[PDB]
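Asker: My structure is below; once you've seen it, I'll send some questions.
Cβ placement follows ideal geometry from the backbone for every residue including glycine, while neighbour counts extend to all protein chains displayed. Taken together, the values in this text are just the output of simple stated rules run on the coordinates, not laboratory data.
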There are 2 protein chains.
Amino acid sequence: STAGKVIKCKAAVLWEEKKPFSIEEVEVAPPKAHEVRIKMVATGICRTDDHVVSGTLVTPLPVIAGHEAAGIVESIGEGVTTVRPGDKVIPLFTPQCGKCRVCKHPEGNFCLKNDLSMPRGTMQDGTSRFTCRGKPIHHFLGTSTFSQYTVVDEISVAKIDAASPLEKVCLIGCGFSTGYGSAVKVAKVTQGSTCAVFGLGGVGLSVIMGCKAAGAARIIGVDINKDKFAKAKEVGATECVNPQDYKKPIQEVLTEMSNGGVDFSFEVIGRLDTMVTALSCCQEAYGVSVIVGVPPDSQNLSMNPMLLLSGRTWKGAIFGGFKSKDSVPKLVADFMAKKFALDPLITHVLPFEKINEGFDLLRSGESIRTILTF
Amino acid sequence: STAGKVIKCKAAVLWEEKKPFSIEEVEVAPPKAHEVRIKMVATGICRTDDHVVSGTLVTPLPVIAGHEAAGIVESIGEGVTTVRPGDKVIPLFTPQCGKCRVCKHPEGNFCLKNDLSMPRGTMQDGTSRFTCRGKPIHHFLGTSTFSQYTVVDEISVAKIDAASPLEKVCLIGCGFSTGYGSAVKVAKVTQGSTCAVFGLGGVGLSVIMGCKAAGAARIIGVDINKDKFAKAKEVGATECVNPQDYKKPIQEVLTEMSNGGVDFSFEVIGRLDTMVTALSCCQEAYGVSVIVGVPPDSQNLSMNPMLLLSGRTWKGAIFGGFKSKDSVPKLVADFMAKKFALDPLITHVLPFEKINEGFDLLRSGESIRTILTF
Ligand SMILES: NC(=O)c1ccc[n+]([C@@H]2O[C@H](COP(=O)([O-])OP(=O)([O-])OC[C@H]3O[C@@H](n4cnc5c(N)[nH+]cnc54)[C@H](O)[C@@H]3O)[C@@H](O)[C@H]2O)c1
Ligand SMILES: NC(=O)c1ccc[n+]([C@@H]2O[C@H](COP(=O)([O-])OP(=O)([O-])OC[C@H]3O[C@@H](n4cnc5c(N)[nH+]cnc54)[C@H](O)[C@@H]3O)[C@@H](O)[C@H]2O)c1
Ligand SMILES: OCc1c(F)c(F)c(F)c(F)c1F
Ligand SMILES: OCc1c(F)c(F)c(F)c(F)c1F
Ligand SMILES: OCc1c(F)c(F)c(F)c(F)c1F
Ligand SMILES: OCc1c(F)c(F)c(F)c(F)c1F
Ligand SMILES: [Zn+2]
Ligand SMILES: [Zn+2]
Ligand SMILES: [Zn+2]
Ligand SMILES: [Zn+2]
């Protein structure tokens, strides 16, 4: 048995920004009290993992990234009550401690134990479970799923259906849930409404899925890469527009197309300019715009607050507004019952060892989600 | 009789920015089709009228300003069905045409016939009813209440209770309804919540009234003028703070006081910096911040969109989100039924002839609302 013992395994270590991941041996300590060690089965490549590489999202290096994943519990530390060895699980990059003021609030999900706002790159106790070449290696969002084995805090893992297909449901750990919840829970898209979705990657496609599920009449996809349009239409876009095709700014185009502004817009890219454009294109008196994309570190946008004074609502969210531990098992159950589809998001599959090729696919524009198998 | 005839009467004409009003004779044309000519009884001095004088708010000059008022219908044009000669009325600076997409929307109030966004300073037909010294004089927001007589479009007037005291209920034309609605309708303040209100003038006091009516447990008033604190407490503030008293930024102070951020914040001043501060002091995952103050013309704010990504909601509104013609008569009826008080807002009552002295009281910090009586 490996329980209580250090595990040597392969992980994808990021030593430096703007460099390939290094697939090499790491030592994974056993779980301490209220920790869970997981044998990973599948992990997706989310653009936020690429943001770590590019320095868009600053987190301490060296690091084991990865946050969209599924696996099987190898062992549990003292006092763990919510999972057992052999359970299928999804790591939760947004924790749910259940005890803080946010966790107790009916509409909050950004648990105060998160490692997103001011990243330390550690476990909850301020230490790391990973060593590589004799050096400590940081965690990422308390999940670090780019490893054959990881250790997470109990508040950062959810037990899921034992019959779940892990190579699909890993997407419920980030991209699907984020986009779908941003539409259905955060924006609260209404039947018959007009939506505009900026960015047609895996998260933006999931936003479209949610807008269609909510009964939107028109769903306008916006992307500078027209190769993204066919899949966007397959999952519910009624029209797609490329800003590069127009002489006028796309907020003006979208306002014209919607006969005075859209009901709901979504920024699903991570650019300051498209955050302001997306706000502007929603109807000035009653429109709602949701920021989903992750902005470049420490940069401020500029905007005219008259856009809000007329009546617009601007908001953002992490993880689609879902309380993570409550929601993830229910989303898996709903997937099992065919309430939504994940296959449209999966364009490529690779072994974990080909992680760098998977990032190349994302960066070239060719993929939506690549799923890596351990 | 005056019906069908030009009326020569007294008005306060603003010939250029940053000068006193000129109190002099104007000619007021009779109402055309779908227009209403009103003998003014009382008008309040709102800070937004001062913004016209100061150039904070750009609108065509020369102008008869004034937008918070009540009077009695003198005559109606062909086709008017909603008011009759002798009726008490409140002019509506935000119209309610009942036909546009905003008027038809359950949550919109910023009717597309408004003259706020891109002010022309005219009647709906693009002409003016006012002349002074042989020159045409612009309207303001389709209201122009700083005159013994005005002409408004039918969509810009509401009939109110014949027994109403016009020297009080004029405040339902702007400041009371704006603040109260910003709390109860736009923010939707909840029972037991903690609110922060930036700016303790007539509008901010009305926000406090609404937060208390909604059952807030804590209402923190924020103003740099500590003379405003006593009245703020009288109408429901539980604490007041002056940013000038602190070594740290007030958003940090308010976050500390509220054990991690407030539920609802309101900017009721009109400064870019306090808009960002007010957003920041609301709880990062579930807080809501409402912009009420009118910012200086054509100036953008700068902010970090991570404030929204964590889960905050940022919105603004005109006139408390109330659909104006539906709401104003009901608010007057509610005042008549003792559901809220207006006297706490009224610090000074002056003849119309003292309009300049009233504006000086506002600018000096001394008054909340001066009511001018014709
Ligand atoms: N809020 C959250 O919880 C959360 C979760 C998951 C992802 N994210 C972020 O969401 C964003 C999208 O992630 P993803 O879907 O994996 O990324 P992605 O697959 O890279 O998709 C982004 C899309 O944006 C398109 N695009 C780039 N620039 C522009 C432009 N100027 N105008 C229009 N389209 C443009 C691009 O072609 C691509 O299809 C990233 O910033 C992620 O970091 C946020
Ligand atoms: N959205 C709307 O429909 C609407 C309606 C009515 C008024 N307004 C605007 O609302 C604002 C308030 O109007 P009002 O109550 O008549 O004005 P007011 O009576 O001048 O009150 C403003 C208050 O802000 C205080 N103040 C000024 N600077 C600061 C500062 N840096 N920090 C903290 N407090 C400060 C000031 O001392 C005063 O008590 C103005 O900008 C109006 O133009 C908007
Ligand atoms: O893709 C999800 C995601 C985010 F939305 C973030 F804001 C963030 F900081 C992060 F690390 C992350 F993984
Ligand atoms: O906070 C403790 C800690 C460190 F000090 C590191 F230098 C490091 F790489 C690490 F992973 C870690 F957890
Ligand atoms: O005080 C109400 C008020 C506003 F909130 C405005 F935004 C505006 F432009 C205006 F002219 C006005 F009178
Ligand atoms: O409304 C028409 C109108 C004008 F066309 C002006 F050029 C002007 F100065 C003015 F005050 C006015 F009211
Ligand atoms: Zn929590
Ligand atoms: Zn992600
Ligand atoms: Zn209208
Ligand atoms: Zn006003």
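Asker: In the stretch B:208-225, which residues have a backbone nitrogen under 15 Å from the label point lying 7 Å from residue B:246's Cα in the Cα-to-Cβ direction?
Answerer: Counting backbone N atoms under 15 Å from the label point, the list is B:219-225.
Asker: Taking DSSP loops as anything outside H, G, I, E and B, show the longest stretch in chain A free of trypsin sites (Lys or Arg not before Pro) there with at most 13 other beta carbons within 10 Å. Present the calculation step by step, with values, prior to reporting the outcome.
Answerer: On the way: sites that count: A:5, A:18, A:99, A:133, A:188, A:247, A:338, A:339.
That gives A:248-337 as the longest site-free run.
Asker: Helix B:324-336 sits at what angle to the longest principal axis of chain B, using alpha carbons and giving 0 to 90 degrees rounded to 10?
Answerer: That works out to roughly 80 degrees.
Asker: Excluding residues fewer than 8 places away in the same chain, name every one of the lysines whose C-alpha is closer than 18 Å to that of residue A:99.
Answerer: Of all the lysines, those that pass the test against residue A:99 - Cα under 18 Å, at least 8 places apart if same chain - are A:113, A:323, A:325.
Asker: Is the C-alpha gyration tensor of the protein assembly as shown telling us rounded, prolate or oblate? Criteria: a/c under 1.5 is rounded; beyond that, a/b larger than b/c is prolate, otherwise oblate. Show your work: numbers first, answer last.
Answerer: Details: a/c = 2.79, a/b = 2.13, b/c = 1.31.
Prolate is the answer for the protein assembly as shown, as a/c is 1.5 or above and a/b outweighs b/c.
Asker: Within 10 Å of each Cβ in A:273-279, how many Cβ atoms from other chains are there, averaged over the peptide? Numbers along the way, then the final one.
Answerer: Working: counts 0, 0, 3, 2, 0, 0, 2.
Counting other chains' Cβ atoms within 10 Å and averaging over A:273-279 gives 1.
Asker: Report D for the stretch A:179-317 in µm² per second (integer): Stokes-Einstein, Kirkwood Rh on Cα pairs, 4 °C, 1.567 mPa s. Could the numbers behind the result be given before it?
Answerer: Numbers: Rh = 14.4 Å.
My calculation gives 90 µm²/s for D.
Asker: Ok, one more. Quantify how strongly other chains surround peptide A:96-108 by giving the mean number of their Cβ atoms within 10 Å of each of its Cβ atoms. Mind dumping the intermediate values first?
Answerer: Working: counts 0, 0, 0, 0, 2, 7, 8, 1, 0, 5, 2, 5, 7.
Per residue, the average neighbour count from other chains is 3.
Asker: Here is a follow-up. Does chain A classify as rounded, prolate or oblate by the C-alpha gyration tensor (a ≥ b ≥ c root eigenvalues; a/c under 1.5 gives rounded; else a/b over b/c gives prolate, otherwise oblate)?
Answerer: Working: a/c = 1.84, a/b = 1.72, b/c = 1.07.
Prolate.
Asker: Find every distance from the label point of residue B:244 to the corresponding label point in the other copies (7 Å from Cα along Cα→Cβ) and write them in nm, one decimal, shortest first.
Answerer: Between copies, matching label points for residue B:244 lie 5.5 nm apart.
Asker: Another question, if that's okay. Expressed in nm to one decimal, what extension gain is obtained for the pair residue B:161 and residue B:302 from 0.36 nm per residue of sequence separation less their Cα-Cα distance? It would help to have the intermediate numbers written out before the result.
Answerer: Numbers: separation 141, 0.36 × 141 = 50.76 nm, distance 4.54 nm.
Result for the pair: 46.2 nm of gain on full extension.
Asker: Bin width 5 Å, alpha-carbon pairs only: give the P(r) of the stretch A:1-63 as whole percents, running from 0 to the bin holding the largest distance.
Answerer: Final binned percentages: 4, 14, 20, 21, 19, 14, 6, 1, 0.
Asker: Given axes a ≥ b ≥ c from the Cα gyration tensor, I'd like to know whether the stretch B:8-109 is rounded (a/c under 1.5), prolate (a/b larger than b/c) or oblate.
Answerer: oblate
Asker: Take every residue in peptide A:230-236, count the Cβ atoms of other chains within 10 Å of its Cβ, and give the average of those counts.
Answerer: Working: counts 0, 0, 0, 0, 0, 0, 0.
Mean inter-chain Cβ contacts per residue within 10 Å come to 0.
Asker: Sticking with this one: Pairs of alpha-carbon atoms within less than 8 angstrom and 6+ residues apart define the contacts here; what relative contact order does the stretch A:179-317 have, in percent?
Answerer: Numbers: 302 pairs, mean separation 31.1, N = 139.
Taking the mean separation of contacting Cα pairs over the length of the stretch A:179-317, I get 22 percent.
Asker: Give the calculated FRET efficiency between residue B:373 and residue B:117 to the nearest 0.05, with a Förster radius of 51 Å applied to their Cβ-Cβ distance.
Answerer: Efficiency at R0 = 51 Å is approximately 0.95.
Asker: A follow-up question, please. Over the stretch A:248-374, what is the mean sequence separation of C-alpha contacts under 8 Å (at least six apart), divided by residue count, expressed as relative contact order in percent? Write down the numbers at each step before the final one.
Answerer: Working: 163 pairs, mean separation 21.7, N = 127.
Dividing the mean separation by the residue count of the stretch A:248-374 yields 17 percent.
Asker: How large is the dipole of the protein assembly as shown about the Cα centre if only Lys and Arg carry +1 and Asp and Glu carry -1, each at its Cβ, rounded to the nearest 20 debye?
Answerer: 1080
Asker: From the label point of residue B:10, set 7 Å from Cα along Cα→Cβ, how far away are the matching label points in the other copies, in nm, ordered shortest to longest?
Answerer: 9.2
Asker: Just flag the chymotrypsin sites (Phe, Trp or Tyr not before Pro) in the stretch A:176-251 sitting in loop per DSSP whose Cβ has no more than 15 other Cβ atoms within 10 Å.
Answerer: On the way: sites: A:176, A:180, A:198, A:229, A:246; in loops: A:246.
Those satisfying the criteria are A:246.
Asker: A further question follows. Counting only DSSP beta bridges with both residues in the protein assembly as shown, what percent are antiparallel, rounded to the nearest 5?
Answerer: Numbers: 76 of 130 bridges.
Antiparallel bridges make up about 60 percent of those DSSP assigns within the protein assembly as shown.
Asker: I've got another one for you. Of the beta bridges DSSP finds with both residues in the stretch B:146-282, what % are antiparallel, to the nearest 5? Don't jump to the answer; show the numbers that get you there.
Answerer: Values: 0 of 13 bridges.
Beta bridges within the stretch B:146-282, antiparallel portion: roughly 0 percent.
Asker: Assign unit charges at the C-beta atoms only (+1 for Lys and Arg, -1 for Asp and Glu), then state the dipole size of chain A relative to its Cα centre in Debye, rounded to the nearest 20.
Answerer: Values: 42 positive and 38 negative charges, 141 e Å.
For this selection, approximately 680 debye.
Asker: Where does helix B:202-213 land angle-wise versus the long Cα axis of chain B, in degrees 0 to 90, nearest 10?
Answerer: With rounding to tens, the tilt is 60 degrees.
Asker: Report relative contact order for chain A in percent, whole number only (criteria: Cα-Cα under 8 Å, sequence separation at least 6). Kindly include the intermediate steps, with their values, before the conclusion.
Answerer: Details: 922 pairs, mean separation 66.0, N = 374.
Relative contact order for chain A comes out at 18 percent.
Asker: Another question, if that's okay. Please list, or write none, the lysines whose alpha carbon is within less than 19 Å of the alpha carbon of residue B:248, excluding same-chain residues fewer than 8 places away.
Answerer: Excluding near neighbours in sequence, the set is B:226.
Asker: Run the label-point distances for residue B:363 please: 7 Å along Cα to Cβ, every other copy, nanometres, shortest first.
Answerer: 6.1
Asker: Next question. List the residues whose amide H sits under 5 Å from the amide H of residue B:55, counting only those 5 or more places along or on another chain, with H placed 1.01 Å from N in the peptide plane.
Answerer: B:18
Asker: Then there is this: Roughly how large, in nm² to one decimal, is the mean projection of the convex hull of the alpha-carbon atoms in the stretch A:132-228? Walk me through the intermediate numbers first.
Answerer: Values: hull surface 37.4 nm².
For the stretch A:132-228, averaging the hull's shadow over all directions gives 9.4 nm².
Asker: Tilt of helix B:272-281 relative to the longest C-alpha principal axis of chain B, in degrees (0 to 90, nearest 10)?
Answerer: 40
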